[PDB]
Amino acid sequence: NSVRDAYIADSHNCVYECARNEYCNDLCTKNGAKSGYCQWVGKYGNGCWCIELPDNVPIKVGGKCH
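Here the sequence shown stands for residues 1 to 66, where the numbers follow PDB author numbering.
Right under this line is the structure:
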């Protein structure tokens, strides 16, 4: 699998919080995903969720935002 649906993360393992679905669709797609939307509830609470994000871009994994 070179793509996955998940919360996109920065290089510090932190999700990107969101107020708008479009903010997330833009963020996800400019990083190669198919689309994205804002999750206001989810495994890690508020943050952008991307569909088919390539695996050279980070996703939130277990651990802290550091």
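From the three backbone atoms N, C-alpha and C, an ideal C-beta is built for every residue, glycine too.
Here's the rule I'm using: 16 or more other beta-carbon atoms within 10 Å means buried, otherwise exposed. How should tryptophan 49 be labelled? In summary, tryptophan 49 is buried, with 16 or more beta-carbon neighbours lying within 10 Å of its beta-carbon over all protein chains present.
Decide if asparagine 56 is buried, meaning its Cβ has at least 16 other Cβ atoms within 10 Å, or exposed. Exposed is the call here.
Less than 8 Å separating the beta-carbons of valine 15 and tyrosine 37? No.
Please report the Cβ distance between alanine 9 and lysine 60, rounded to the nearest whole angstrom; I am assuming they are in contact, meaning their Cβ atoms lie under 8 Å. For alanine 9 against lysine 60, the beta-carbon gap comes to about 4 Å, under 8 Å, which counts as contact.
What distance in whole Å lies between the Cβ atoms of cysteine 65 and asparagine 13, which are believed to be in contact at a cut-off of 8 Å? Contact holds; Cβ gap of about 6 Å.
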